**Q** 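Mind having a look at this structure? Questions to follow.
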Amino acid sequence: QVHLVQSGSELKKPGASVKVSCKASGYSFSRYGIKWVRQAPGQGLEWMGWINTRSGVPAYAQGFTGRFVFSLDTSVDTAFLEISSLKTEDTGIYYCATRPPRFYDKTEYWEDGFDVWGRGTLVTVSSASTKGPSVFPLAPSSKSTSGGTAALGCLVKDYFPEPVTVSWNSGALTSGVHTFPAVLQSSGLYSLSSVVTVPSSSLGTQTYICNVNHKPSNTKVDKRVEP
Amino acid sequence: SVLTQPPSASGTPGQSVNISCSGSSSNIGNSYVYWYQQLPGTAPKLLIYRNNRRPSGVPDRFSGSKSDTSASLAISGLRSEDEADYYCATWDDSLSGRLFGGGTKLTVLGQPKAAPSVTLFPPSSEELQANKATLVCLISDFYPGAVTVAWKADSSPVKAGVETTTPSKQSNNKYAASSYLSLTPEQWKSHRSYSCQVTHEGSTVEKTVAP
Ligand code: NA
Ligand code: NA
Ligand code: NA
Ligand code: NA
């Protein structure tokens, strides 16, 4: 039975390097090739390539060029992934697994050990620099909302770390407010939007102001959102 | 080359569900298909190999099929413990590598399916003055909790500069997510239009904005 043991979590600055290990445990290391697979947070599996544990020769996916290197040390039954010049967009979990060869047909030999995955190694690349938000008005639009109403909002862009709070009209306006969970961008910064549905008839006479508070940077922004 | 999977597949307890995986002659056409089960926060596990074969410990509730340039995973006797993301994968001769599908979330329905509402905001004039441009696509009111977001420029696909959240529930007990497209002001101005397209179960909703 295949077991692959992967090195733990890594917390890295942009421009640093990381070496993730994938050690075979309780089977013969040269039996199977090892594939590497990335998964950004909340998103799909991306095949990175694989390494031949008999010959030592790696093969890379098209997405994964100079900065990503597969290597072995067959003295200690271990495959490595080495990433140089780390970017914030490298953030994600890096799995190793055994892999099957390509087959012509189903009469060929199969063992289940051909496809068994390690637990994955999370590599986090982040400056962890404090960044205040830029706030932009999202002018009212009637397209998506009920009769006689419009949606308007604020876009709270490029801040770090969490959290940001948003109120409307200093807390007087709560009905129909939705402040969306922030996205953690490939840049390593957060953004979020807060949207509120309001009466269309009010547009020409009711002021709407989003109150954005980013405690970590000691930033407060109040943005009037006009038609 | 991509293997196209729906974002969401769902049923009630005991039902059968059938998850599709759509390819081309240069992947599924030519090569064997594998399926993986990935429970949230856990490593993918082999479910199906060589189109329709099960490894040890996989119940025959799970079945795989391949026809020409598509494949499918059927799950009968649907139960809670099945809830997971399911991925197909094959060798793609064009990428010279293994290719994974986008993955399908399997949900045992706790409430009836609800279709997504989509709100798409163009860049603000203030942002454009700051030499940036963000299109904001807010997706609400859907169930089950998984969508695919595609962006288009003049109705061709754009993959660069896209940031999309996972789904989370709002107070109405339905899921919402957001997707942001980053452009230059020059890109925004120079195209006829940009689109945010949301796919969910039987629904596609596409909203388009123009400079
Ligand atoms: Na070696
Ligand atoms: Na492989
Ligand atoms: Na194959
Ligand atoms: Na997210």
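No hydrogens, no waters, no symmetry mates; every other heavy atom, side chains included, goes into these values. Every chain is numbered from 1, with letters handed out A, B, ... down the list of sequences.
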**Q** Any idea which of A:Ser141, A:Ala139, A:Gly120, A:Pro137 has the most non-hydrogen atom pairs under 4.5 angstrom with chain B?
**A** A:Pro137
**Q** Is it the side chain or the backbone of B:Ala177 that comes within 4.5 Å of chain A heavy atoms, both, or neither?
**A** backbone
**Q** Side chain, backbone, both or neither: which part of B:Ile139 has an atom under 4.5 Å from a heavy atom of chain A?
**A** backbone
**Q** Heavy atom to heavy atom, less than 4.5 Å: which residues from residues 46-62 of chain B reach chain A?
**A** B:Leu46, B:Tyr49, B:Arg50, B:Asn51, B:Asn52, B:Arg53, B:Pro55, B:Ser56
**Q** Does anything in residues 162-211 of chain B form a disulfide bond (SG atoms under 2.5 Å apart)? List the pairs, not counting sequence neighbours.
**A** B:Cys137-B:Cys196
**Q** Where does B:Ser94 contact chain A at under 4.5 Å (heavy atoms): side chain, backbone, both or neither?
**A** backbone
**Q** Is the NZ or CZ atom of A:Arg99 positioned over A:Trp50's six-membered ring, under 6.0 angstrom from the centre and within 45° of the axis?
**A** yes
**Q** Is it true that A:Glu89 and A:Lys87 have a side-chain N and a carboxylate O under 4.0 angstrom from each other?
**A** no
**Q** Rounded to the nearest 0.5 Å, how far does CG of A:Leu4 lie from CD1 of A:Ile34?
**A** 5.0 Å
**Q** For B:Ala146, does its backbone N or O pair with a side-chain atom of B:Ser8 as donor and acceptor, under 3.5 Å?
**A** no
**Q** Below 4.5 Å, heavy-atom pairs only: which of A:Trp110, A:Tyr104, A:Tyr95 has the largest tally toward chain B?
**A** A:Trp110
**Q** For the pair B:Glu127 and A:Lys157, find out whether any cationic side-chain nitrogen is under 4.0 Å from an anionic carboxylate oxygen.
**A** yes
**Q** Considering only heavy atoms, which portion of B:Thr42 lies under 4.5 Å from any heavy atom of chain A: side chain, backbone, both, or neither?
**A** backbone
**Q** Between the main-chain N or O of B:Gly145 and the side-chain N or O of B:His200, is there a donor-acceptor pair closer than 3.5 Å?
**A** no
**Q** Parallel, tilted or perpendicular: which one describes the rings of A:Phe180 and A:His178, with boundaries at 30° and 60°?
**A** perpendicular
**Q** With respect to chain B, which residue among A:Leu45, A:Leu192, A:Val37, A:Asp105 yields the maximal number of heavy-atom pairs within a distance under 4.5 Å?
**A** A:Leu45
**Q** Quick one: of A:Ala61, A:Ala182, A:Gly118, A:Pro100, who has the most non-hydrogen atom pairs under 4.5 Å with chain B?
**A** A:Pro100
**Q** Do B:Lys113 and B:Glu201 meet the salt-bridge criterion of a basic N to acidic O distance under 4.0 Å?
**A** no
**Q** Any side-chain to backbone donor/acceptor pair from A:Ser191 onto A:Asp158? Under 3.5 Å, distance only.
**A** yes
**Q** Of all of A:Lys35, A:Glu111, A:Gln185, A:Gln43, which one pairs up most often with chain B through heavy atoms under 4.5 Å apart?
**A** A:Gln185
**Q** Under a 4.5 Å cutoff for heavy-atom pairs, which residue among B:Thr134, B:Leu99, B:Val118 has the most contacts with chain A?
**A** B:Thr134
